[PDB]
Amino acid sequence: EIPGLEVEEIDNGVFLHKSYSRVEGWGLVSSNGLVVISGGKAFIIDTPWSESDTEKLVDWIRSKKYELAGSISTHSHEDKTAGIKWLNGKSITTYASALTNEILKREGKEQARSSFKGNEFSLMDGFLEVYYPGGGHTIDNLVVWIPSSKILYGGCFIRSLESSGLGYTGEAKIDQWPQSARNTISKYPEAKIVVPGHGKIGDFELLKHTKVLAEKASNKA
Ligand SMILES: [Cl-]
Ligand SMILES: [Cl-]
Ligand SMILES: [Zn+2]
Ligand SMILES: [Zn+2]
Ligand SMILES: [Zn+2]
């Protein structure tokens with residue numbers, strides 16, 4: 001049925017992975033995550049949308065002779081957490097925020113093995129910096145900053161420039177999203193690449209674009 005995992009280089013040691021699902025009401029949808037390398041170690045930012053494709057990603061990483069260090073999921077939705085169970089099973093360390101894990105638990109879902117409280121966190125010897133900007137797409141959505149290459153992974157908190165609206169807003173914090181977007185613009189003024197949870201990567205404009213969309217939705221509402 002659905003097309004398979006894609007892996008694409010977007011900067012030295014930074015790979016965009018793209019996986020697919022059908023979603024009722026939305027049709028065939030793709031989802032982004034990253035694989036980030038430091039010193040031969042690979043860190044997954046968001047799992048693919050399926051167990052199969054999570055295994056494919058891990059196999060790709062091993063075939064490139066990288067050491068797999070772990071994964072972080074940037075909110076609870078299945079497009080970013082589908083592979084947590086499989087990874088757990090392989091004793092690959094999975095991370096999420098404590099809040100994200102509570103949502104997963106409340107919904108009867110597999111939790112990440114490690115979690116963190118607080119609005120910031122760092123992984124892989126500080127090569128990844130994690131930040132909670134406040135609610136937007138969801139109450140728990142996180143972003144991940146790669147300071148060395150000034151790449152911001154926005155996840156579904158950040159919309160692609162081709163999007164006229166906010167996407168799936170059934171669990172959004174529409175009224176909080178503008179200030180959260182503003183927080184992210186203030187924190188990452190020099191971001192060079194911004195990676196949305198869905199769609200095409202771009203530059204810092206994705207942050208401005210998402211703030212406008214959030215403001216528009218909040219005002220309309
Ligand atoms: Cl969408
Ligand atoms: Cl900066
Ligand atoms: Zn989501
Ligand atoms: Zn999403
Ligand atoms: Zn715009």
# chains A, B, ... in the order shown; residues from 1 in each chain; ligands from 1
>>> closest_atom_pairs(of="chain A", to="ligand 3", cutoff="10 Å", atoms="only C-alpha atoms and all ligand atoms", output="CSV")
residue,atom,partner,partner_atom_place_in_ligand_line,distance
A:31,CA,ligand 3,1 (Zn),9.7
A:74,CA,ligand 3,1 (Zn),9.0
A:75,CA,ligand 3,1 (Zn),6.7
A:76,CA,ligand 3,1 (Zn),7.1
A:77,CA,ligand 3,1 (Zn),4.7
A:78,CA,ligand 3,1 (Zn),7.5
A:79,CA,ligand 3,1 (Zn),6.9
A:80,CA,ligand 3,1 (Zn),7.7
A:81,CA,ligand 3,1 (Zn),9.9
A:136,CA,ligand 3,1 (Zn),9.9
A:137,CA,ligand 3,1 (Zn),6.4
A:138,CA,ligand 3,1 (Zn),6.7
A:140,CA,ligand 3,1 (Zn),9.6
A:141,CA,ligand 3,1 (Zn),8.0
A:155,CA,ligand 3,1 (Zn),8.3
A:156,CA,ligand 3,1 (Zn),5.7
A:157,CA,ligand 3,1 (Zn),8.0
A:167,CA,ligand 3,1 (Zn),9.1
A:168,CA,ligand 3,1 (Zn),7.3
A:169,CA,ligand 3,1 (Zn),8.6
A:170,CA,ligand 3,1 (Zn),9.4
A:171,CA,ligand 3,1 (Zn),8.2
A:172,CA,ligand 3,1 (Zn),8.8
A:197,CA,ligand 3,1 (Zn),8.1
A:198,CA,ligand 3,1 (Zn),9.5
>>> write_last_selection(atoms="C-alpha atoms", output="PDB file, in the first residue's frame")
ATOM      1  CA  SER A  31       6.179  12.675   8.415  1.00  0.00           C
ATOM      2  CA  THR A  74       9.053  15.373  20.307  1.00  0.00           C
ATOM      3  CA  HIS A  75       5.416  14.757  21.160  1.00  0.00           C
ATOM      4  CA  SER A  76       3.081  11.839  21.780  1.00  0.00           C
ATOM      5  CA  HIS A  77       1.422  11.436  18.315  1.00  0.00           C
ATOM      6  CA  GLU A  78       1.926   8.185  16.448  1.00  0.00           C
ATOM      7  CA  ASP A  79       3.810   9.854  13.571  1.00  0.00           C
ATOM      8  CA  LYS A  80       6.769  10.533  15.976  1.00  0.00           C
ATOM      9  CA  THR A  81       6.447   7.652  18.477  1.00  0.00           C
ATOM     10  CA  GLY A 136       1.027  24.751  20.084  1.00  0.00           C
ATOM     11  CA  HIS A 137       0.348  21.756  17.875  1.00  0.00           C
ATOM     12  CA  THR A 138      -0.013  19.916  21.213  1.00  0.00           C
ATOM     13  CA  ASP A 140       3.745  18.603  24.930  1.00  0.00           C
ATOM     14  CA  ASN A 141       5.438  19.546  21.650  1.00  0.00           C
ATOM     15  CA  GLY A 155       8.488  19.037  14.665  1.00  0.00           C
ATOM     16  CA  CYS A 156       4.777  19.496  14.191  1.00  0.00           C
ATOM     17  CA  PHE A 157       4.976  22.643  16.285  1.00  0.00           C
ATOM     18  CA  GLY A 167      -2.835  21.254  10.123  1.00  0.00           C
ATOM     19  CA  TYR A 168      -4.437  18.857  12.640  1.00  0.00           C
ATOM     20  CA  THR A 169      -5.650  21.029  15.521  1.00  0.00           C
ATOM     21  CA  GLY A 170      -7.838  18.523  17.415  1.00  0.00           C
ATOM     22  CA  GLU A 171      -5.387  18.537  20.363  1.00  0.00           C
ATOM     23  CA  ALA A 172      -3.828  22.004  19.859  1.00  0.00           C
ATOM     24  CA  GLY A 197       7.177  17.908  11.296  1.00  0.00           C
ATOM     25  CA  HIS A 198       5.382  17.658   7.938  1.00  0.00           C
TER      26      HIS A 198
END
>>> residues_near_ligand(ligand="ligand 2", cutoff="6 Å", atoms="only C-alpha atoms and all ligand atoms", output="PyMOL selection string")
chain A and resi 188-191
>>> write_last_selection(atoms="C-alpha atoms", output="tab-separated table (two decimals), in the first residue's frame")
chain	number	residue	atom	x	y	z
A	188	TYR	CA	16.86	30.77	17.73
A	189	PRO	CA	17.37	33.99	15.79
A	190	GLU	CA	20.34	32.51	13.81
A	191	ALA	CA	18.74	29.19	12.81
>>> residues_near_ligand(ligand="ligand 5", cutoff="9 Å", atoms="only C-alpha atoms and all ligand atoms", output="JSON, numbers by chain")
{"A": [160, 161, 162, 163, 164, 205, 206, 208, 209, 210, 211, 212, 213]}
>>> write_last_selection(atoms="N, CA and C atoms", output="PDB file, in the first residue's frame")
ATOM      1  N   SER A 160       5.232  23.975   7.605  1.00  0.00           N
ATOM      2  CA  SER A 160       5.963  24.225   6.375  1.00  0.00           C
ATOM      3  C   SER A 160       5.469  25.496   5.701  1.00  0.00           C
ATOM      4  N   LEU A 161       6.360  26.137   4.949  1.00  0.00           N
ATOM      5  CA  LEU A 161       5.997  27.386   4.299  1.00  0.00           C
ATOM      6  C   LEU A 161       4.837  27.193   3.318  1.00  0.00           C
ATOM      7  N   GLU A 162       4.663  25.977   2.802  1.00  0.00           N
ATOM      8  CA  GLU A 162       3.599  25.721   1.814  1.00  0.00           C
ATOM      9  C   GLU A 162       2.202  25.555   2.452  1.00  0.00           C
ATOM     10  N   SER A 163       2.168  25.518   3.773  1.00  0.00           N
ATOM     11  CA  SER A 163       0.935  25.329   4.519  1.00  0.00           C
ATOM     12  C   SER A 163       0.276  26.660   4.790  1.00  0.00           C
ATOM     13  N   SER A 164      -0.999  26.782   4.443  1.00  0.00           N
ATOM     14  CA  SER A 164      -1.773  27.974   4.738  1.00  0.00           C
ATOM     15  C   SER A 164      -2.375  27.953   6.150  1.00  0.00           C
ATOM     16  N   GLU A 205      12.435  31.483   8.020  1.00  0.00           N
ATOM     17  CA  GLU A 205      11.072  31.940   7.695  1.00  0.00           C
ATOM     18  C   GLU A 205       9.977  30.989   8.221  1.00  0.00           C
ATOM     19  N   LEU A 206      10.286  29.709   8.391  1.00  0.00           N
ATOM     20  CA  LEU A 206       9.284  28.787   8.878  1.00  0.00           C
ATOM     21  C   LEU A 206       8.801  29.176  10.269  1.00  0.00           C
ATOM     22  N   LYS A 208       8.666  32.350  11.494  1.00  0.00           N
ATOM     23  CA  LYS A 208       7.825  33.536  11.316  1.00  0.00           C
ATOM     24  C   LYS A 208       6.460  33.139  10.738  1.00  0.00           C
ATOM     25  N   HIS A 209       6.496  32.288   9.720  1.00  0.00           N
ATOM     26  CA  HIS A 209       5.301  31.764   9.071  1.00  0.00           C
ATOM     27  C   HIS A 209       4.373  31.087  10.107  1.00  0.00           C
ATOM     28  N   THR A 210       4.933  30.231  10.953  1.00  0.00           N
ATOM     29  CA  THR A 210       4.130  29.528  11.941  1.00  0.00           C
ATOM     30  C   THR A 210       3.516  30.488  12.996  1.00  0.00           C
ATOM     31  N   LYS A 211       4.281  31.482  13.433  1.00  0.00           N
ATOM     32  CA  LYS A 211       3.739  32.491  14.329  1.00  0.00           C
ATOM     33  C   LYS A 211       2.512  33.175  13.717  1.00  0.00           C
ATOM     34  N   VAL A 212       2.613  33.599  12.448  1.00  0.00           N
ATOM     35  CA  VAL A 212       1.502  34.266  11.749  1.00  0.00           C
ATOM     36  C   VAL A 212       0.284  33.366  11.676  1.00  0.00           C
ATOM     37  N   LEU A 213       0.491  32.104  11.312  1.00  0.00           N
ATOM     38  CA  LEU A 213      -0.610  31.148  11.215  1.00  0.00           C
ATOM     39  C   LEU A 213      -1.279  30.958  12.583  1.00  0.00           C
TER      40      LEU A 213
END
>>> closest_residue(among="A:12, A:115, A:52, A:47", to="ligand 4", atoms="only C-alpha atoms and all ligand atoms")
A:47
>>> closest_residue(among="A:27, A:89, A:133, A:83", to="ligand 1", atoms="only C-alpha atoms and all ligand atoms")
A:27
>>> closest_residue(among="A:158, A:82, A:151, A:10", to="ligand 1", atoms="only C-alpha atoms and all ligand atoms")
A:158
>>> atom_distance(atom1="CA of residue 40 in chain A", atom2="CA of residue 97 in chain A")
25.5 Å
>>> residues_around(residues="residue 22 in chain A", least_positions_apart="6", cutoff="8 Å", atoms="only C-alpha atoms", output="PyMOL selection string")
chain A and resi 2+28-29
>>> select_by_dssp(residues="range 170-205 of chain A", states="strand (DSSP E or B)", output="list in words")
residues 193, 194, 195, 196 and 202 of chain A
>>> write_last_selection(atoms="C-alpha atoms", output="PDB file, in the first residue's frame")
ATOM      1  CA  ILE A 193      17.709  25.355   8.563  1.00  0.00           C
ATOM      2  CA  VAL A 194      14.287  24.710  10.039  1.00  0.00           C
ATOM      3  CA  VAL A 195      12.681  21.284   9.677  1.00  0.00           C
ATOM      4  CA  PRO A 196       8.882  21.095  10.059  1.00  0.00           C
ATOM      5  CA  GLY A 202      13.256  25.676   4.890  1.00  0.00           C
TER       6      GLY A 202
END
>>> atom_distance(atom1="CA of residue 192 in chain A", atom2="CA of residue 180 in chain A")
19.5 Å
>>> residues_around(residues="residue 71 in chain A", least_positions_apart="4", cutoff="7 Å", atoms="only C-alpha atoms", output="ChimeraX atom specification")
/A:43-46,93-95
>>> write_last_selection(atoms="N, CA, C and O atoms", output="CSV table (one decimal), in the first residue's frame")
chain,number,residue,atom,x,y,z
A,43,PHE,N,21.9,9.8,16.5
A,43,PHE,CA,20.8,10.0,17.4
A,43,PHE,C,19.5,10.2,16.5
A,43,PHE,O,19.6,11.0,15.5
A,44,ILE,N,18.5,9.5,16.7
A,44,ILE,CA,17.2,9.7,16.0
A,44,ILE,C,16.3,10.7,16.7
A,44,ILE,O,16.0,10.6,17.9
A,45,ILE,N,16.0,11.8,15.9
A,45,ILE,CA,14.9,12.7,16.3
A,45,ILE,C,13.6,12.4,15.6
A,45,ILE,O,13.4,12.7,14.4
A,46,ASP,N,12.7,11.8,16.4
A,46,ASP,CA,11.4,11.3,16.1
A,46,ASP,C,11.5,10.0,15.3
A,46,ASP,O,12.3,9.9,14.4
A,93,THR,N,18.0,3.1,23.7
A,93,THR,CA,17.3,4.1,24.6
A,93,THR,C,16.4,5.1,23.9
A,93,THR,O,16.8,5.8,23.0
A,94,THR,N,15.2,5.1,24.3
A,94,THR,CA,14.2,6.1,23.8
A,94,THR,C,14.0,7.2,24.9
A,94,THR,O,14.0,6.9,26.1
A,95,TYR,N,13.9,8.4,24.4
A,95,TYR,CA,13.6,9.5,25.3
A,95,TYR,C,12.3,10.2,24.9
A,95,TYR,O,12.0,10.3,23.7
